[PDB]
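Enquirer: I have a structure here, written as structure tokens, and I will follow up with some questions on it.
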4 protein chains.
Amino acid sequence: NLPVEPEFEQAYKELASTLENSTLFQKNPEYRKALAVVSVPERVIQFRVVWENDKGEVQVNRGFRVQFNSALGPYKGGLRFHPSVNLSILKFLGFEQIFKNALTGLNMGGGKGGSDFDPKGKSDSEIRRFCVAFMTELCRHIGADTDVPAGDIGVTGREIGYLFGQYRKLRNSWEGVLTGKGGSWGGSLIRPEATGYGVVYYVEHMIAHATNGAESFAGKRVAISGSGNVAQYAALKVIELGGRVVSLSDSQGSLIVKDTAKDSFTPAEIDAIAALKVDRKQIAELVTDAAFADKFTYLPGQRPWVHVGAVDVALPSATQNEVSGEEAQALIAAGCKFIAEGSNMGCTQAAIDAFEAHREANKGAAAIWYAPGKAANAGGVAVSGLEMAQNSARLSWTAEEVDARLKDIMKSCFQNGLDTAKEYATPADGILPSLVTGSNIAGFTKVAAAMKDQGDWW
Amino acid sequence: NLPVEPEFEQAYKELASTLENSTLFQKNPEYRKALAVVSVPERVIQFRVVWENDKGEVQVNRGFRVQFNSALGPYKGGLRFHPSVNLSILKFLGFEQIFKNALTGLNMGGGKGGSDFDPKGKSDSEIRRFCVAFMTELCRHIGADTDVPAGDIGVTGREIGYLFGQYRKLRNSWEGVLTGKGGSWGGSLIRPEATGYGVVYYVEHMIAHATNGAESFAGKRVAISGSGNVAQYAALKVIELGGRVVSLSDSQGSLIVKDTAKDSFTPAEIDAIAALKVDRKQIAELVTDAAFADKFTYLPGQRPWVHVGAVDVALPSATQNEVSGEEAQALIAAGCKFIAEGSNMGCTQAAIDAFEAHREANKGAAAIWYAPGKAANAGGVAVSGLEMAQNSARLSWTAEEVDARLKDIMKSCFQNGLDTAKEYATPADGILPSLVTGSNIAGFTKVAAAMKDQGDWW
Amino acid sequence: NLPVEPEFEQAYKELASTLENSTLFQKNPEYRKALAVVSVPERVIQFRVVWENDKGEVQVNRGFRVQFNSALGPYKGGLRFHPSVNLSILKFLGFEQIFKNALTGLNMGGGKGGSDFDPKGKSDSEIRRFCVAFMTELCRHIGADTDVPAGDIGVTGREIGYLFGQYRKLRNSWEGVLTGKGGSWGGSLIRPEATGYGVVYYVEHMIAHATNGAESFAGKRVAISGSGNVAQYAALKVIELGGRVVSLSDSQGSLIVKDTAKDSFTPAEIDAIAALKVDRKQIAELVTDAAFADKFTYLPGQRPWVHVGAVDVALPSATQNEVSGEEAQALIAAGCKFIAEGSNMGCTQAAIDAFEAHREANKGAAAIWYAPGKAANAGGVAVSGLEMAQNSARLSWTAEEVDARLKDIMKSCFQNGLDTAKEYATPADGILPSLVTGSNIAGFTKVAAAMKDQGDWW
Amino acid sequence: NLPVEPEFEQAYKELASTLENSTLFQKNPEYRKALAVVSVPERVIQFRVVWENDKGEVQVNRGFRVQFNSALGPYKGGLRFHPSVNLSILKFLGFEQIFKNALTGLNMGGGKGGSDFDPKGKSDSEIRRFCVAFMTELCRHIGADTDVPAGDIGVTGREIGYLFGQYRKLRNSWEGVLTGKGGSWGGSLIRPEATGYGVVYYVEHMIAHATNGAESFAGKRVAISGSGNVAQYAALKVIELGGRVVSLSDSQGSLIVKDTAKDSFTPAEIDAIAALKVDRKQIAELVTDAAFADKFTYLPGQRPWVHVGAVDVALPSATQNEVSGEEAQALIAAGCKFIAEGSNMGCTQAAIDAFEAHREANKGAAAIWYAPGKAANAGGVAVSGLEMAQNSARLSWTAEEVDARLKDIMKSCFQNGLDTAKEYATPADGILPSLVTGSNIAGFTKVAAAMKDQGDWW
């Protein structure tokens, strides 16, 4: 009699299969029972949001707040304002967030909110009104110790501001209940960077471990795919470390640098890309300009790096599922051996399959290492937890302090994943341990242990 | 993107069709908007209940609480513990309960709770454990002014006691938050009898109005099918008033008196019926007596509606379906002009269609007046509200006071339905107003008006 | 390791012995377990009260609040301000109050508060200061639905007023949380009368059962013990009902009429004695007054029970231990057949032993029926619950309304005692079914049943 | 009328005598009043815990929570689950904890909880059930700002986990309300090493002050007695600092390495001892091993101090009153001067008298300094407060950070005690200040000043 939830069912099935395939279950059979408890959210709330549009007409929407798990800390998850949001999607997102937060190693729980609201083609007044209604119906289920919503698709700084103001009006307490506040009224630094620096740090750690030091980032075709803020800050970080960016194209076409093996993107070039990519303008408008025509070869329509023959590092941030077979076997031939999905679900299954096959059949530089989006990005969540810590301490840190804490967070996450992969998913000497299996098992084991310790199952 | 909810969708479609097929939308077009706002529940809470069975093994179940509407008063749902409950079923039940409570006249909202827990084949320890866990996860959402759950399928006096105890232990407040409490610790009188007495009073009002007092509920071939306690109280009340019970069936054979034209039941027979049906004994055990067998023509594996023969006023206290289309036309042939429908879904949809067609084709005196289950069975909810009134007043009333208030409530229900049918359903001269349409329009109009007054839709 | 609590241990031992001796444990063995759970209070709070005396010196006292049982309702109890209160005494009083309230029939639980504060020889400022401190430390635990303190020894109307004011100042809610409030600001009527009226109704029901519709108060030598408000209003009521008052005794000798056989007290005499009690003149000064000494025979340094002459109704209203074993023998020799203590919580055990021996001696109709203090003085607690009901209903009743409810409560108490005595402690000969054992078993059975229903023990 | 409390009365009498003996009262006579107000706890709660064992069988236990003082900070104290726990013992422990926390220097107050529960011979299910019941009855009084329970005798990590889980389930806020949480879910570091490291730092500071840095722990003979986590980590710390471990004991015969003046216990030996104590076995049960027959000299029954040989410092952590007067003289003759009670409540009073007499008898070079247990036990409470600080700051520190804070805390505590001893006890030239008297006066003065500032007495 359970309702069908396609995305959540697929995620649960994948997790179960991954756990069963490994040697976790034979050593700890009781952990089977743990699975049956983590699947059920601790609490799901659906409410009705009634607001008024610009023409004085009543509009009714549904808001959700899934609080999936709180064994390791307070619930923390973004709010998604998209027309497609339902209980299945939010359940799936919360379930993934549990293990992501577990991998980050801070004290945050798993959860996810949002609504069916469509912010596109809405005036600022309409967004303000909806936010006020939503927070009125939601404020009784959140708190600095209970729920920390953040931003996501559809919830920018504007919505965060509106929600925070209404919460302040209702609860009459200026506290750090939401994440993503402006810098003036209790925000955080390095927040826009977040995942962009984090993925780069994670890749650097993996390279240092795999090659036992030597080259970390210098003189490598890092190829920061995508044209979002994530890609921009990843490119900036790899440039600072000494790497070259050769493929910085968005989902639309292929705005590849002039020389895929020699030329590197400049900070000015990245800033220009951001300036003409923030709005509806795309890389077509960029190549129309002479500055990005001769300097950047245009190969629209068939993904950024498919035509690129010289790539060394992979950051699938351009499109979802942008790494199919052809490019998967091209990467090892082209010299691209180390991968990390900067975004979520940014590569196909074939990339992971090729990664596993080549890493099992080879070792060292030959073994292509790929990092999973559960533990790769890890930047938004970490900086959100640091912002929560800043709020709790009533003191605002500096950029470098936050950067250092992000460094240590990603080091801890990488270490956790690697050790868990090594101990359970035995590689039998050589054979770079599976980051996917390690990262999926580490979070589950940590959550299950915490829940057993707290009497959530026995 | 909205999930499929069969029962709820069917109920909403029926309500919309009934609203459109009347002269209410023409007079108040804005009420269209109201419909949309009432469709979305005010709040839905799903939680996880983790308990321990008799063998010390962890069991995880899902608990629900739907607070649909509270325009007219606090939510006053029931709790259903059955291994079929999901969000769709509870939404459907809550949606019906809104308009039922609106028809009653006391200030109660619409709501419904429960869980997938299966009380069947469970020890008392297991029921205690589950109740304690459920109330631990639920206490933060209910309250004497917020939510007042009651009993339903699966929830009896045992479960009510356990839940009340745990609520008292948590909230440290002895208040009226559940209805169905024992008589010693803040219960109510006439609580069992409620449904049967209420439906009897309602049909007595119907007959008195229709025949202008010429015909009363006494001295009639009152069927009273079904062998539930509801039928017991109905039979007792009709016997006291001077009526005659002729056909008390169950989901098995029918205990029909041989002289159904004249002879009828006795209070002792009703007590024997109650004793048998409490202990799962079929009423064939009652016909086992030689005198009983001679004085009661049993129809094994059959309800009277199949072979009804001769009854004057059918009162189906039974459950889903039962009375069929062929059975409906047999009833109209037999002269069942004043049917009761003591319990909801006592007759099929085709039965209702046949009743309406024959009522409109006839000329009032021979019109088959069908009482809708929303308005017919209001004794339970009314007595629940009276128990809440007793709790609030800190003073337990006597049986006669509760009986008088029940009479007032059923009279108010009948009056509301008749007046709303006269205004909108617009019955012609020498015809009986549609009680189903009247009772639907009454509830909807009352709820919509209250919501417009309280600024829920403009 | 359990601390010694003389009074509580004695009370528990008595209750256990009475339970075992009666034929209840044979039919319900599981009730033994109940005895283990009811013994432990649900919650004891001790706090420190620091106040300032008239000379500006810091004074430190200890306040207590014992909440024994809340199975049957909120924790209604009393506050005792006496320089003897400790945890043992309050525990004993609360334990008795549980079963007293259970016999009463309203929904109140068992509890008791107070402090070591000595109100004697303290200015009004000192009482105000201490009350304010006490309520400041106590308001966190009381509530209209949680705890209802009332007055007792040491806590008069003045203290109640001070405590109520401070509670209102702290909690910012004008609610009924204390009982004994003044008439202007939400008090109650018949409250000064209360127990003095109540016991009278009790004994009349006793008469209505003993003689089976025969000689009432009119022609009964009712023996008032002191001009305390209890016996004051008892004497007034019996004088109205035709009963003759044939004694009165404060802390000194006995105030008996000259012709105690025929002549009795009058309302004018009663209020004169009341006025002398207000000025602490007592009966001695009335004997110094010429007219009373001419109309009343004085017996200095002697209780009436020593020189009852001929009596048939007796009541030790003064305090405990008024009637001794020899005094009880004198009473029965005088023909006292309806001793019923509307006060005197416990009495000399010899008196109760003699009463029980004579009731089991099979004296027929002319047998001395002794009513226990627990059931006889239920009038005060009943009126306290009625004041709570008035507060909850936001309406002040009239005197005759409260009188009618008091009569119903006393009838319910008597009926409960008789039925429970007949059920378990069944008398072989119907003479005087042991009101003490009946009331004990009634209270215990009711509380244990409610606790089993609420899952407090299994 | 006040109940007898042997342990608490003895502690209060000792404190009063110590206060009177010094010259603090002569300078501040008003402080006498303070002594009364601190004696009365601010709040005591006793509740009833009803739980079911592995075979149903409802069991009733008594839970306590004493909040003595909160002048200096939130209440903070352990929970003791022992069959001997009553109100007197918990009162005594809380009273001591007040001044211990005052000497520590952080903002914590005095308190103590627990129950008569006997965890010995109980399954994990039984512990889980009791913890859940206890926290259900207790969560109404604790909070991140009100009460912070921790572990003690009977409450290990398991109980802490169970209590934390139930607290989260009741109040849906993941906060720091208990101390001793696991490392994954908001724990701390240096928690097991709290006591041993702290006592080592304290004794190092005292040695540096006494000898003006003439001798440090490098090349120093240390008698680490009392096998346990405290002793193990103290030995490890002194070994790191260069100290030589010479003796060791437990509940059985002393270990004593071969050379009580030259040989030192290796970390491997300490790990072996830890393994022995974990498995409930002893040194006498491992003499047959090679590691003990060649590197150890098992001493049956006789205390380690009787065969110290050459030593100058000691820590009697084995049993109460471990060092005798004759043994004290033997230690002084052997050169023992700088003893400190690591985790012991109190040695033989004759030993303390001998130490105090020798403090004035000769110079500190010959005066044997003894540190009080309350001053040297600050490690546990300090680390508990650091865990509270970590929870509040929403960040987990590193081991070295906690170590640095512990060093600062012990420096502060030692300085406070030394200055208070110097100014009040005013020892002459060449006399070592009384550490016990100094610590007592320091705690009392700090608490009394804070209470006077906050208006708790005047």
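Residues are referred to by chain and number: the chain letter is A, B, ... according to the order shown in the structure tokens, the number counts from 1 in that chain, and ligands are numbered separately from 1 in the order shown.
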Mind the document's chain letters and residue numbers, and return as a short mmCIF file (atom, residue, chain, number, x, y, z; two decimals) with C-alpha atoms, in the first residue's frame the residues of range 98-282 of chain C that DSSP labels helix (DSSP H, G or I).

Expert:
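That gives us selection-v1.cif:
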```cif
data_model
loop_
_atom_site.label_atom_id
_atom_site.label_comp_id
_atom_site.auth_asym_id
_atom_site.auth_seq_id
_atom_site.Cartn_x
_atom_site.Cartn_y
_atom_site.Cartn_z
CA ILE C 98 -5.42 10.11 46.24
CA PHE C 99 -8.10 7.75 47.53
CA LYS C 100 -10.19 10.56 49.05
CA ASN C 101 -10.43 12.26 45.65
CA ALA C 102 -11.09 8.87 44.03
CA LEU C 103 -14.08 8.34 46.36
CA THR C 104 -15.31 11.90 45.69
CA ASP C 124 1.21 40.73 56.95
CA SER C 125 4.30 42.06 55.14
CA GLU C 126 6.23 38.92 56.10
CA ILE C 127 3.45 36.66 54.83
CA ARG C 128 3.30 38.67 51.59
CA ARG C 129 7.04 38.40 51.06
CA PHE C 130 7.16 34.68 51.72
CA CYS C 131 4.19 34.01 49.49
CA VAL C 132 5.76 35.96 46.65
CA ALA C 133 9.04 34.04 46.96
CA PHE C 134 7.28 30.68 47.24
CA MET C 135 5.10 31.27 44.18
CA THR C 136 8.15 32.51 42.25
CA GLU C 137 9.90 29.20 42.92
CA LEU C 138 6.70 27.12 42.43
CA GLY C 157 -7.49 33.35 52.36
CA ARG C 158 -4.65 35.83 52.78
CA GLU C 159 -1.93 33.50 51.63
CA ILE C 160 -4.12 32.33 48.74
CA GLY C 161 -4.54 35.89 47.62
CA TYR C 162 -0.81 36.63 47.76
CA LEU C 163 0.11 33.45 45.90
CA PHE C 164 -2.51 34.11 43.23
CA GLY C 165 -1.31 37.62 42.71
CA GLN C 166 2.31 36.54 42.27
CA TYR C 167 1.29 33.74 39.91
CA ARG C 168 -0.64 36.21 37.80
CA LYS C 169 2.33 38.56 37.77
CA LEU C 170 4.69 35.77 36.62
CA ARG C 171 2.62 33.68 34.18
CA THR C 195 -17.34 19.80 54.53
CA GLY C 196 -19.64 20.80 57.37
CA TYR C 197 -22.60 20.50 55.00
CA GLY C 198 -21.18 17.55 53.11
CA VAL C 199 -20.81 15.05 55.95
CA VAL C 200 -24.40 15.76 56.94
CA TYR C 201 -25.68 14.67 53.53
CA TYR C 202 -23.45 11.59 53.82
CA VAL C 203 -24.88 10.51 57.16
CA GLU C 204 -28.44 11.10 55.93
CA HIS C 205 -27.82 8.67 53.08
CA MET C 206 -26.37 6.38 55.74
CA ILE C 207 -29.61 6.82 57.69
CA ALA C 208 -31.64 6.23 54.53
CA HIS C 209 -29.87 2.88 54.24
CA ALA C 210 -29.67 1.89 57.92
CA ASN C 229 -16.65 25.98 60.77
CA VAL C 230 -17.08 22.26 59.99
CA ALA C 231 -19.21 21.51 63.03
CA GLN C 232 -20.62 25.07 62.91
CA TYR C 233 -22.28 24.55 59.53
CA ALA C 234 -23.04 20.89 60.29
CA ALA C 235 -24.96 22.01 63.38
CA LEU C 236 -26.71 24.72 61.37
CA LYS C 237 -27.79 22.21 58.72
CA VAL C 238 -29.00 19.61 61.23
CA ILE C 239 -30.88 22.33 63.16
CA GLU C 240 -32.58 23.29 59.89
CA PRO C 267 -28.61 29.32 65.12
CA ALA C 268 -28.30 32.42 67.34
CA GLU C 269 -26.35 30.38 69.89
CA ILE C 270 -24.24 28.88 67.09
CA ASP C 271 -23.25 32.27 65.68
CA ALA C 272 -22.55 33.56 69.21
CA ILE C 273 -20.15 30.65 69.73
CA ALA C 274 -18.65 31.41 66.30
CA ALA C 275 -18.04 35.05 67.26
CA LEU C 276 -16.39 33.90 70.49
CA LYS C 277 -14.15 31.53 68.50
CA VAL C 278 -13.15 34.43 66.24
CA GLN C 282 -13.95 29.80 73.34
#
```

Enquirer: So that I can check the secondary structure, give me every residue of range 282-359 of chain C assigned strand (DSSP E) by backbone DSSP, as a list in words.

Expert: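 Everything in range 282-359 of chain C that counts as strand (DSSP E) is residues 296, 297, 298, 299, 313 and 314 of chain C.
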
Enquirer: Restricted to N, CA, C and O atoms, what would the selected residues look like written as a compact mmCIF listing (two decimals), in the first residue's frame?

Expert:
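Contents of out-v2.txt, as written:
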```txt
# COMPACT_ATOMS: atom_id res chain seq x y z
N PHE C 296 -26.79 26.35 79.37
CA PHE C 296 -25.85 25.33 78.95
C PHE C 296 -25.11 24.80 80.17
O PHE C 296 -24.63 25.58 80.99
N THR C 297 -25.02 23.47 80.29
CA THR C 297 -24.30 22.83 81.37
C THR C 297 -22.81 22.76 81.01
O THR C 297 -22.44 22.24 79.96
N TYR C 298 -21.96 23.26 81.92
CA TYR C 298 -20.53 23.26 81.67
C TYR C 298 -19.86 22.05 82.33
O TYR C 298 -20.16 21.71 83.46
N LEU C 299 -18.94 21.43 81.58
CA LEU C 299 -18.11 20.35 82.08
C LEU C 299 -16.65 20.69 81.80
O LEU C 299 -16.08 20.24 80.81
N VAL C 313 -26.00 10.28 67.29
CA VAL C 313 -25.15 10.72 66.20
C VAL C 313 -23.99 11.50 66.79
O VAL C 313 -24.18 12.40 67.60
N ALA C 314 -22.76 11.12 66.41
CA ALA C 314 -21.56 11.74 66.94
C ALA C 314 -20.62 12.11 65.79
O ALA C 314 -20.63 11.48 64.73
```

Enquirer: In Å, rounded to a single decimal, give me how far CA of residue 74 in chain B is from CA of residue 146 in chain B.

Expert: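 Straight-line distance from CA of residue 146 in chain B to CA of residue 74 in chain B works out to 5.3 Å.
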
Enquirer: Go through chain D and flag each residue having an atom no more than 8 Å from chain C; for those, report the closest pair of atoms plus their distance in Å to one decimal, using only C-alpha atoms, ordered by chain and rising number, as a Markdown table.

Expert:
```
| residue | atom | partner | partner_atom | distance |
| --- | --- | --- | --- | --- |
| D:1 | CA | C:84 | CA | 6.2 |
| D:2 | CA | C:86 | CA | 6.8 |
| D:3 | CA | C:86 | CA | 7.9 |
| D:33 | CA | C:58 | CA | 8.0 |
| D:36 | CA | C:60 | CA | 7.7 |
| D:37 | CA | C:60 | CA | 6.5 |
| D:40 | CA | C:48 | CA | 6.4 |
| D:41 | CA | C:48 | CA | 6.5 |
| D:42 | CA | C:48 | CA | 5.3 |
| D:43 | CA | C:47 | CA | 4.5 |
| D:44 | CA | C:46 | CA | 5.0 |
| D:45 | CA | C:45 | CA | 4.8 |
| D:46 | CA | C:44 | CA | 5.0 |
| D:47 | CA | C:43 | CA | 4.5 |
| D:48 | CA | C:42 | CA | 5.3 |
| D:50 | CA | C:456 | CA | 7.6 |
| D:57 | CA | C:458 | CA | 7.6 |
| D:58 | CA | C:457 | CA | 6.3 |
| D:60 | CA | C:37 | CA | 6.5 |
| D:62 | CA | C:40 | CA | 7.8 |
| D:84 | CA | C:1 | CA | 6.0 |
| D:85 | CA | C:1 | CA | 7.4 |
| D:86 | CA | C:1 | CA | 6.6 |
| D:456 | CA | C:50 | CA | 7.6 |
| D:457 | CA | C:58 | CA | 6.2 |
| D:458 | CA | C:58 | CA | 6.5 |
```

Enquirer: Go ahead and write the selection's residues with N, CA and C atoms as a JSON list (two decimals), in the first residue's frame.

Expert:
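Now in result-v4.json:
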```
[["chain", "number", "residue", "atom", "x", "y", "z"],
["D", 1, "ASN", "N", 13.02, 18.36, 62.73],
["D", 1, "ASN", "CA", 12.08, 17.76, 61.74],
["D", 1, "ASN", "C", 12.82, 17.44, 60.44],
["D", 2, "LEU", "N", 14.01, 18.03, 60.27],
["D", 2, "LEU", "CA", 14.81, 17.78, 59.09],
["D", 2, "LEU", "C", 15.32, 16.33, 59.13],
["D", 3, "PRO", "N", 15.23, 15.60, 58.00],
["D", 3, "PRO", "CA", 15.68, 14.22, 57.95],
["D", 3, "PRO", "C", 17.18, 14.11, 58.12],
["D", 33, "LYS", "N", 26.15, 34.14, 57.04],
["D", 33, "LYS", "CA", 24.81, 33.99, 56.49],
["D", 33, "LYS", "C", 24.84, 33.16, 55.21],
["D", 36, "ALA", "N", 24.46, 29.40, 55.44],
["D", 36, "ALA", "CA", 23.11, 28.84, 55.53],
["D", 36, "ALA", "C", 22.49, 28.65, 54.14],
["D", 37, "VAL", "N", 22.58, 29.69, 53.31],
["D", 37, "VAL", "CA", 21.85, 29.70, 52.07],
["D", 37, "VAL", "C", 22.41, 28.67, 51.11],
["D", 40, "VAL", "N", 21.10, 24.76, 51.59],
["D", 40, "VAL", "CA", 19.86, 24.31, 51.02],
["D", 40, "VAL", "C", 19.97, 24.23, 49.50],
["D", 41, "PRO", "N", 19.67, 23.07, 48.88],
["D", 41, "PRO", "CA", 19.72, 22.98, 47.44],
["D", 41, "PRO", "C", 18.71, 23.94, 46.79],
["D", 42, "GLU", "N", 19.05, 24.44, 45.62],
["D", 42, "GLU", "CA", 18.13, 25.29, 44.92],
["D", 42, "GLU", "C", 16.91, 24.48, 44.47],
["D", 43, "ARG", "N", 17.10, 23.24, 44.11],
["D", 43, "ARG", "CA", 15.99, 22.41, 43.69],
["D", 43, "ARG", "C", 16.38, 20.94, 43.77],
["D", 44, "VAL", "N", 15.44, 20.14, 44.25],
["D", 44, "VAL", "CA", 15.55, 18.71, 44.21],
["D", 44, "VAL", "C", 14.31, 18.15, 43.51],
["D", 45, "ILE", "N", 14.49, 17.29, 42.53],
["D", 45, "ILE", "CA", 13.43, 16.55, 41.90],
["D", 45, "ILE", "C", 13.65, 15.06, 42.13],
["D", 46, "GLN", "N", 12.64, 14.41, 42.67],
["D", 46, "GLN", "CA", 12.51, 12.98, 42.64],
["D", 46, "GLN", "C", 11.33, 12.62, 41.76],
["D", 47, "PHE", "N", 11.57, 11.68, 40.83],
["D", 47, "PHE", "CA", 10.55, 11.12, 40.01],
["D", 47, "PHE", "C", 10.51, 9.61, 40.07],
["D", 48, "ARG", "N", 9.44, 9.04, 39.55],
["D", 48, "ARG", "CA", 9.25, 7.60, 39.46],
["D", 48, "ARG", "C", 9.50, 7.13, 38.04],
["D", 50, "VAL", "N", 9.09, 3.90, 35.67],
["D", 50, "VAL", "CA", 8.47, 2.61, 35.48],
["D", 50, "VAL", "C", 8.93, 2.07, 34.14],
["D", 57, "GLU", "N", 7.02, -7.87, 33.39],
["D", 57, "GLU", "CA", 7.39, -7.66, 34.78],
["D", 57, "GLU", "C", 7.75, -6.19, 35.03],
["D", 58, "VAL", "N", 6.74, -5.34, 35.06],
["D", 58, "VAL", "CA", 6.86, -3.96, 35.39],
["D", 58, "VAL", "C", 7.71, -3.73, 36.64],
["D", 60, "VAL", "N", 9.66, -0.67, 39.09],
["D", 60, "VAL", "CA", 9.53, 0.72, 39.49],
["D", 60, "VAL", "C", 10.80, 1.11, 40.22],
["D", 62, "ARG", "N", 13.38, 4.80, 41.35],
["D", 62, "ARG", "CA", 13.28, 6.18, 41.78],
["D", 62, "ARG", "C", 14.47, 6.93, 41.15],
["D", 84, "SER", "N", 22.74, 1.95, 45.80],
["D", 84, "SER", "CA", 22.82, 2.70, 47.03],
["D", 84, "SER", "C", 22.36, 4.15, 46.93],
["D", 85, "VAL", "N", 21.97, 4.63, 45.74],
["D", 85, "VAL", "CA", 21.74, 6.05, 45.55],
["D", 85, "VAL", "C", 20.43, 6.45, 46.25],
["D", 86, "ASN", "N", 20.47, 7.49, 47.05],
["D", 86, "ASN", "CA", 19.33, 8.08, 47.69],
["D", 86, "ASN", "C", 19.50, 9.61, 47.65],
["D", 456, "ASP", "N", 21.30, 36.50, 46.08],
["D", 456, "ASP", "CA", 20.86, 35.27, 46.70],
["D", 456, "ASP", "C", 20.89, 35.33, 48.23],
["D", 457, "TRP", "N", 21.67, 36.26, 48.79],
["D", 457, "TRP", "CA", 21.66, 36.54, 50.22],
["D", 457, "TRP", "C", 22.22, 37.95, 50.41],
["D", 458, "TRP", "N", 21.92, 38.58, 51.53],
["D", 458, "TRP", "CA", 22.39, 39.93, 51.79],
["D", 458, "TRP", "C", 22.75, 40.10, 53.28]]
```

Enquirer: Give me the residues within 9 Å of residue 11 in chain C as a list in words, counting only C-alpha atoms and dropping any in the same chain fewer than 3 places off.

Expert: residues 6, 7, 8, 14, 15, 16, 92, 95 and 96 of chain C

Enquirer: Excluding residue 342 in chain A and residues on its chain fewer than 2 positions from it, collect all residues at most 6 Å away from it, counting only C-alpha atoms, and give them as a PyMOL selection string.

Expert: chain A and resi 199+315+317+340+377

Enquirer: Output C-alpha atoms for every residue in the selection just made, as a compact mmCIF listing (two decimals), in the first residue's frame.

Expert:
```txt
# COMPACT_ATOMS: atom_id res chain seq x y z
CA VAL A 199 36.17 19.94 -5.48
CA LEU A 315 35.14 18.06 -13.83
CA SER A 317 29.95 20.32 -14.46
CA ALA A 340 35.84 14.29 -9.74
CA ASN A 377 31.78 18.70 -4.08
```

Enquirer: At a cut-off of 8 Å, using only C-alpha atoms, what residues contact residue 355 in chain B? Leave out same-chain residues fewer than 6 positions from it and give the result as a PyMOL selection string.

Expert: chain B and resi 328+332+368-370

Enquirer: Could those residues be written to a file, using C-alpha atoms, as a PDB file, in the first residue's frame?

Expert:
```
ATOM      1  CA  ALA B 328     -32.426  -1.208  -4.334  1.00  0.00           C
ATOM      2  CA  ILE B 332     -38.470   0.435  -3.769  1.00  0.00           C
ATOM      3  CA  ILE B 368     -38.221   7.057  -1.526  1.00  0.00           C
ATOM      4  CA  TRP B 369     -36.385   9.433   0.800  1.00  0.00           C
ATOM      5  CA  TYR B 370     -32.751   8.415   1.222  1.00  0.00           C
TER       6      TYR B 370
END
```

Enquirer: One decimal, in Å: what's the spacing between CA of residue 348 in chain C and CA of residue 113 in chain C?

Expert: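 Taking CA of residue 348 in chain C as the start and CA of residue 113 in chain C as the end point, the length is 25.7 Å.
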
Enquirer: Got a sec: who's within 6 Å of residue 79 in chain C, counting only C-alpha atoms, leaving out chain neighbours fewer than 3 positions off, as a list in words?

Expert: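 Residues meeting the cut-off are residues 113, 114, 150, 151 and 152 of chain C.
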
Enquirer: Of the candidates C:338, C:324, C:259, C:183, which shows the shortest atom-to-atom distance to residue 216 in chain C, using only C-alpha atoms?

Expert: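 Looking at the shortest contact to residue 216 in chain C, the residue is C:338.
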
Enquirer: Excluding residue 153 in chain B and its own-chain neighbours fewer than 4 positions away, which residues fall within 9 Å of it when counting only C-alpha atoms? Please give them as an MDAnalysis selection string.

Expert: chainID B and resid 79:82

Enquirer: Go ahead and compute the interatomic distance for CA of residue 18 in chain A and CA of residue 111 in chain A, in Å to one decimal.

Expert: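 Computed distance, CA of residue 18 in chain A to CA of residue 111 in chain A, equals 22.1 Å.
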